[PDB]
Amino acid sequence: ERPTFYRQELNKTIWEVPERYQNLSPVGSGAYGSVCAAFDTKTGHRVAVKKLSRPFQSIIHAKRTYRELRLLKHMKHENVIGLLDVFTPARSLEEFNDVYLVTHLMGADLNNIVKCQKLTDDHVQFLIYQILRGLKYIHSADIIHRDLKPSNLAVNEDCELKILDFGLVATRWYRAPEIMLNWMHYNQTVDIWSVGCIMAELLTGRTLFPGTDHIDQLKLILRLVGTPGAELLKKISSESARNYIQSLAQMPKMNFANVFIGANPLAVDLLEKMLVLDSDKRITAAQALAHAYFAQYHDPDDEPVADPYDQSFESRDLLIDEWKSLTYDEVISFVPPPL
Ligand SMILES: Cc1ccc(C(=O)N[C@@H](CCC2CCCCC2)C(N)=O)cc1NC(=O)c1cnn(-c2ccccc2)c1C(F)(F)F
């Protein structure tokens with residue numbers, strides 16, 4: 001029983017959606033699609049509807065479309081955005097040319113919230129706990145976010161948090177030195193670097209490392225954490241990067257307690273464990289949840305891992321119509337979650 005659809009124009013964009021979804025109004029537009037808020041007549045809840053921009057125009061657009069649907073269909077966790085619905089007005093593979101994605105509608109993001117003023121220590125404990133609980137889940141499936149920043153963390157009035165990616169404040173301000181500079185092997189803990197930058201900003205009300213470019217960014221980071229020692233220099237394979245590092249005048253590591261003055265000492269200790277250059281030594285999400293800073297919230301019996309995720313498609317080079325047929329299969333096979 002294919003539902004009945006209706007059509008309108010919003011900010012120069014045409015939208016065709018089932019009658020289930022009423023009173024659409026624009027929230028935001030980005031590189032890869034635009035979002036509206038809607039009322040879901042079947043649940044009586046507000047939702048977000050994303051219409052992908054030219055989803056099958058090139059091989060790269062088609063693979064990105066497939067990737068976003070595969071990731072959204074996987075996510076079943078309280079602190080990660082989830083898929084409530086996916087539809088197309090198309091009746092056949094042949095007509096298939098538009099993809100719409102439906103999630104919960106959140107109240108605000110942490111960019112909005114910190115721009116107002118800095119947060120209390122109790123609010124920081126609860127927000128960073130929920131981020132790490134979400135990251136333990138996605139990291140357990142070998143999924144890396146890679147673009148964490150305050151605008152990708154969405155909250156309701158009761159402070160319940162979900163990690164999302166809107167797909168665009170500079171990304172470089174939150175990016176791990178090893179992935180920004182390609183200077184060492186990189187794992188899930190690029191995301192723990194971003195969390196440390198975000199937690200500092202929620203506590204102080206100030207961007208920790210507001211670099212103008214990749215060179216200025218590295219200079220601001222090294223002023224806090226210190227120039228690499230001989231033991232970390234051993235692990236850098238890029239001769240360009242090592243030459244550049246060793247061509248700078250040495251800087252000592254600062255005492256974080258002398259930078260974040262009058263913060264909770266357990267908050268300062270956790271920032272010292274997150275903002276380390278050596279990606280082998282940086283704290284994991286699972287280890288961070290057991291840290292004393294989270295004593296009020298930590299429950300080792302309610303921090304679940306994910307089902308395994310098949311990311312073998314990431315290594316494939318296919319034609320537009322192949323990525324399009326794969327995406328069609330995932331729309332057809334979608335099972336909605338419990339009401
Ligand atoms: C409809 C929709 C569709 C797709 C996504 C989305 O996160 N896609 C990701 C998926 C994969 C990610 C992997 C790493 C972990 C996180 C997921 C992507 N880019 O591929 C989000 C929304 N929803 C929203 O994006 C949404 C839901 N409230 N709000 C919202 C936020 C703040 C204030 C008001 C509304 C928004 C928005 F950002 F637009 F404004």
# chains A, B, ... in the order shown; residues from 1 in each chain; ligands from 1
>>> residues_near_ligand(ligand="ligand 1", cutoff="8 Å", atoms="only C-alpha atoms and all ligand atoms", output="NGL selection string")
:A and (27-28 or 34-37 or 47-50 or 64 or 67-69 or 71-72 or 75 or 80-81 or 83 or 101-109 or 138 or 143-145 or 151-155 or 163-167)
>>> residues_around(residues="residue 218 in chain A", least_positions_apart="2", cutoff="10 Å", atoms="only C-alpha atoms", output="PyMOL selection string")
chain A and resi 172+176-177+180-181+209+211+213-216+220-223+227+245
>>> write_last_selection(atoms="N, CA, C and O atoms", output="mmCIF file, in the first residue's frame")
data_model
loop_
_atom_site.group_PDB
_atom_site.id
_atom_site.type_symbol
_atom_site.label_atom_id
_atom_site.label_comp_id
_atom_site.auth_asym_id
_atom_site.auth_seq_id
_atom_site.Cartn_x
_atom_site.Cartn_y
_atom_site.Cartn_z
ATOM 1 N N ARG A 172 38.923 22.331 11.093
ATOM 2 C CA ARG A 172 40.349 22.203 11.451
ATOM 3 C C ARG A 172 40.539 22.517 12.969
ATOM 4 O O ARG A 172 41.513 21.938 13.569
ATOM 5 N N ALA A 176 42.239 16.094 14.823
ATOM 6 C CA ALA A 176 43.420 15.422 15.450
ATOM 7 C C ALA A 176 44.679 15.746 14.626
ATOM 8 O O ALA A 176 44.657 15.667 13.401
ATOM 9 N N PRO A 177 45.808 16.147 15.253
ATOM 10 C CA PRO A 177 47.014 16.492 14.487
ATOM 11 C C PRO A 177 47.489 15.385 13.505
ATOM 12 O O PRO A 177 47.936 15.749 12.416
ATOM 13 N N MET A 180 45.000 15.449 10.302
ATOM 14 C CA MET A 180 45.064 16.771 9.649
ATOM 15 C C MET A 180 46.352 16.867 8.827
ATOM 16 O O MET A 180 46.373 17.583 7.825
ATOM 17 N N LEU A 181 47.411 16.215 9.274
ATOM 18 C CA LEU A 181 48.782 16.419 8.740
ATOM 19 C C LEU A 181 49.306 15.129 8.084
ATOM 20 O O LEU A 181 50.480 15.146 7.597
ATOM 21 N N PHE A 209 41.669 25.915 20.245
ATOM 22 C CA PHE A 209 42.740 26.033 19.195
ATOM 23 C C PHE A 209 42.160 26.648 17.906
ATOM 24 O O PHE A 209 41.910 25.937 16.913
ATOM 25 N N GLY A 211 42.924 27.997 14.954
ATOM 26 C CA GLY A 211 43.967 28.210 13.920
ATOM 27 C C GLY A 211 43.388 28.814 12.639
ATOM 28 O O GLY A 211 42.190 28.554 12.330
ATOM 29 N N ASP A 213 44.938 28.352 9.551
ATOM 30 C CA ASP A 213 45.323 27.373 8.511
ATOM 31 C C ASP A 213 45.891 26.155 9.227
ATOM 32 O O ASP A 213 45.923 26.193 10.449
ATOM 33 N N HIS A 214 46.380 25.161 8.498
ATOM 34 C CA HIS A 214 46.949 23.911 9.058
ATOM 35 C C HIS A 214 48.267 24.173 9.826
ATOM 36 O O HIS A 214 48.520 23.444 10.822
ATOM 37 N N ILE A 215 49.066 25.153 9.405
ATOM 38 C CA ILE A 215 50.375 25.490 10.041
ATOM 39 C C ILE A 215 50.122 26.229 11.363
ATOM 40 O O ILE A 215 50.689 25.843 12.404
ATOM 41 N N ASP A 216 49.310 27.259 11.336
ATOM 42 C CA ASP A 216 48.936 28.016 12.550
ATOM 43 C C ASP A 216 48.245 27.061 13.580
ATOM 44 O O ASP A 216 48.544 27.155 14.815
ATOM 45 N N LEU A 220 49.459 26.367 17.494
ATOM 46 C CA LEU A 220 48.605 26.556 18.687
ATOM 47 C C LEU A 220 48.541 25.266 19.485
ATOM 48 O O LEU A 220 48.517 25.339 20.716
ATOM 49 N N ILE A 221 48.444 24.122 18.830
ATOM 50 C CA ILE A 221 48.368 22.826 19.560
ATOM 51 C C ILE A 221 49.694 22.588 20.325
ATOM 52 O O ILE A 221 49.659 22.180 21.520
ATOM 53 N N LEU A 222 50.825 22.754 19.654
ATOM 54 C CA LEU A 222 52.163 22.426 20.259
ATOM 55 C C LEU A 222 52.448 23.344 21.458
ATOM 56 O O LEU A 222 53.111 22.863 22.440
ATOM 57 N N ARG A 223 51.901 24.557 21.473
ATOM 58 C CA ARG A 223 52.077 25.526 22.603
ATOM 59 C C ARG A 223 51.466 24.936 23.884
ATOM 60 O O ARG A 223 52.071 25.126 24.992
ATOM 61 N N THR A 227 56.220 20.172 21.879
ATOM 62 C CA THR A 227 56.779 19.530 20.663
ATOM 63 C C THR A 227 56.996 18.032 20.919
ATOM 64 O O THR A 227 57.260 17.600 22.046
ATOM 65 N N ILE A 245 58.458 19.421 11.828
ATOM 66 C CA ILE A 245 58.440 19.345 13.321
ATOM 67 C C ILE A 245 59.819 19.694 13.883
ATOM 68 O O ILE A 245 59.871 20.435 14.828
#
>>> atom_distance(atom1="CA of residue 132 in chain A", atom2="CA of residue 298 in chain A")
10.7 Å
>>> closest_residue(among="A:192, A:331, A:208, A:285", to="residue 90 in chain A", atoms="only C-alpha atoms")
A:331
>>> atom_distance(atom1="CA of residue 310 in chain A", atom2="CA of residue 333 in chain A")
16.2 Å
>>> select_by_dssp(residues="range 45-240 of chain A", states="helix (DSSP H, G or I)", output="MDAnalysis selection string")
chainID A and resid 59:74 110:116 121:140 150:152 171:174 177:180 190:204 214:225 230:233 239:240
>>> closest_residue(among="A:198, A:283, A:305, A:257", to="residue 111 in chain A", atoms="only C-alpha atoms")
A:198
>>> decode(residues="range 135-152 of chain A", atoms="N, CA, C and O atoms", output="PDB file, in the first residue's frame")
ATOM      1  N   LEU A 135      29.981   7.234  21.167  1.00  0.00           N
ATOM      2  CA  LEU A 135      31.235   6.915  20.455  1.00  0.00           C
ATOM      3  C   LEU A 135      31.626   5.473  20.770  1.00  0.00           C
ATOM      4  O   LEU A 135      32.156   4.815  19.886  1.00  0.00           O
ATOM      5  N   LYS A 136      31.467   4.989  22.021  1.00  0.00           N
ATOM      6  CA  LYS A 136      31.810   3.571  22.316  1.00  0.00           C
ATOM      7  C   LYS A 136      31.072   2.682  21.319  1.00  0.00           C
ATOM      8  O   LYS A 136      31.677   1.733  20.782  1.00  0.00           O
ATOM      9  N   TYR A 137      29.765   2.955  21.097  1.00  0.00           N
ATOM     10  CA  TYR A 137      28.876   2.227  20.181  1.00  0.00           C
ATOM     11  C   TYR A 137      29.433   2.315  18.747  1.00  0.00           C
ATOM     12  O   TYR A 137      29.637   1.226  18.155  1.00  0.00           O
ATOM     13  N   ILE A 138      29.613   3.488  18.168  1.00  0.00           N
ATOM     14  CA  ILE A 138      30.010   3.567  16.716  1.00  0.00           C
ATOM     15  C   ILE A 138      31.428   3.026  16.535  1.00  0.00           C
ATOM     16  O   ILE A 138      31.624   2.252  15.577  1.00  0.00           O
ATOM     17  N   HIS A 139      32.333   3.299  17.483  1.00  0.00           N
ATOM     18  CA  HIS A 139      33.720   2.788  17.395  1.00  0.00           C
ATOM     19  C   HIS A 139      33.759   1.241  17.422  1.00  0.00           C
ATOM     20  O   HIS A 139      34.680   0.653  16.782  1.00  0.00           O
ATOM     21  N   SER A 140      32.837   0.610  18.126  1.00  0.00           N
ATOM     22  CA  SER A 140      32.773  -0.857  18.285  1.00  0.00           C
ATOM     23  C   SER A 140      32.470  -1.509  16.933  1.00  0.00           C
ATOM     24  O   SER A 140      32.781  -2.705  16.784  1.00  0.00           O
ATOM     25  N   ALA A 141      31.863  -0.774  15.984  1.00  0.00           N
ATOM     26  CA  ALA A 141      31.562  -1.262  14.628  1.00  0.00           C
ATOM     27  C   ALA A 141      32.652  -0.825  13.634  1.00  0.00           C
ATOM     28  O   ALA A 141      32.438  -1.000  12.388  1.00  0.00           O
ATOM     29  N   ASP A 142      33.736  -0.218  14.116  1.00  0.00           N
ATOM     30  CA  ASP A 142      34.828   0.364  13.290  1.00  0.00           C
ATOM     31  C   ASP A 142      34.278   1.479  12.407  1.00  0.00           C
ATOM     32  O   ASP A 142      34.814   1.633  11.272  1.00  0.00           O
ATOM     33  N   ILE A 143      33.287   2.233  12.914  1.00  0.00           N
ATOM     34  CA  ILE A 143      32.772   3.493  12.281  1.00  0.00           C
ATOM     35  C   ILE A 143      33.437   4.682  12.998  1.00  0.00           C
ATOM     36  O   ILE A 143      33.367   4.723  14.248  1.00  0.00           O
ATOM     37  N   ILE A 144      34.108   5.563  12.255  1.00  0.00           N
ATOM     38  CA  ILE A 144      34.754   6.794  12.787  1.00  0.00           C
ATOM     39  C   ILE A 144      33.956   7.991  12.296  1.00  0.00           C
ATOM     40  O   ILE A 144      33.624   8.036  11.058  1.00  0.00           O
ATOM     41  N   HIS A 145      33.623   8.920  13.191  1.00  0.00           N
ATOM     42  CA  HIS A 145      32.827  10.124  12.779  1.00  0.00           C
ATOM     43  C   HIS A 145      33.687  11.051  11.896  1.00  0.00           C
ATOM     44  O   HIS A 145      33.237  11.415  10.750  1.00  0.00           O
ATOM     45  N   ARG A 146      34.857  11.439  12.394  1.00  0.00           N
ATOM     46  CA  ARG A 146      35.913  12.225  11.704  1.00  0.00           C
ATOM     47  C   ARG A 146      35.581  13.711  11.655  1.00  0.00           C
ATOM     48  O   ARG A 146      36.475  14.474  11.195  1.00  0.00           O
ATOM     49  N   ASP A 147      34.368  14.153  11.994  1.00  0.00           N
ATOM     50  CA  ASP A 147      34.029  15.605  11.880  1.00  0.00           C
ATOM     51  C   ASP A 147      33.260  16.059  13.110  1.00  0.00           C
ATOM     52  O   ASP A 147      32.285  16.848  12.987  1.00  0.00           O
ATOM     53  N   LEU A 148      33.682  15.655  14.298  1.00  0.00           N
ATOM     54  CA  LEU A 148      32.954  16.088  15.516  1.00  0.00           C
ATOM     55  C   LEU A 148      33.256  17.581  15.759  1.00  0.00           C
ATOM     56  O   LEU A 148      34.451  17.983  15.679  1.00  0.00           O
ATOM     57  N   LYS A 149      32.225  18.339  16.098  1.00  0.00           N
ATOM     58  CA  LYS A 149      32.301  19.783  16.402  1.00  0.00           C
ATOM     59  C   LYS A 149      30.961  20.129  17.023  1.00  0.00           C
ATOM     60  O   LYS A 149      30.031  19.318  16.954  1.00  0.00           O
ATOM     61  N   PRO A 150      30.830  21.269  17.724  1.00  0.00           N
ATOM     62  CA  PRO A 150      29.626  21.532  18.510  1.00  0.00           C
ATOM     63  C   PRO A 150      28.317  21.513  17.690  1.00  0.00           C
ATOM     64  O   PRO A 150      27.324  20.969  18.217  1.00  0.00           O
ATOM     65  N   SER A 151      28.363  21.896  16.421  1.00  0.00           N
ATOM     66  CA  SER A 151      27.161  21.933  15.522  1.00  0.00           C
ATOM     67  C   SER A 151      26.696  20.516  15.137  1.00  0.00           C
ATOM     68  O   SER A 151      25.531  20.398  14.662  1.00  0.00           O
ATOM     69  N   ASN A 152      27.498  19.451  15.385  1.00  0.00           N
ATOM     70  CA  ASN A 152      27.145  18.024  15.072  1.00  0.00           C
ATOM     71  C   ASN A 152      26.612  17.294  16.328  1.00  0.00           C
ATOM     72  O   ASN A 152      26.432  16.079  16.291  1.00  0.00           O
TER      73      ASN A 152
END
